[PDB]
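This document starts with one chain, in the form deposited in one PDB entry, laid out as structure tokens.
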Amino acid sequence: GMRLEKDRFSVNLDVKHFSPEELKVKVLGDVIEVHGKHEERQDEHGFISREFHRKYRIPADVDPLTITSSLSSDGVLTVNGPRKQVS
């Protein structure tokens, strides 16, 4: 899920049933959305679909342009961004 920490915002989600092309991480203003949709036409007789949609608020001290995302081999999606810190 979402974890706000002293020096970063991060979201970690299980997305093992989705290929990278089936995932979308949208950052617009101070909102992050994560979406996934996976469909299988198993056969002549039908299909299965699964999907998810999540939305989170980015704290004001995270520049949304600094948000990035990566996907691990075991299917965990991480979205993260640094918070402004003292120099």
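Numbering starts at 1 and follows the sequence shown. Definition used throughout: the rigid core is the maximal C-alpha set that superposes within 1.5 Å between two forms.
Here the stretch with the larger average CA B-factor, out of 37-45 and 54-62, is 37-45. If you average the C-alpha B-factors over 1-9 and over 76-84, the higher value belongs to 1-9. When the CA B factors of the chain's modelled residues are split into thirds, the value for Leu28 lands in the highest one.
Form deposited in another entry: not shown, discussed below.
The Cα position of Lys55 differs by less than 2 Å between the shown form and the other one after fitting on the rigid core.
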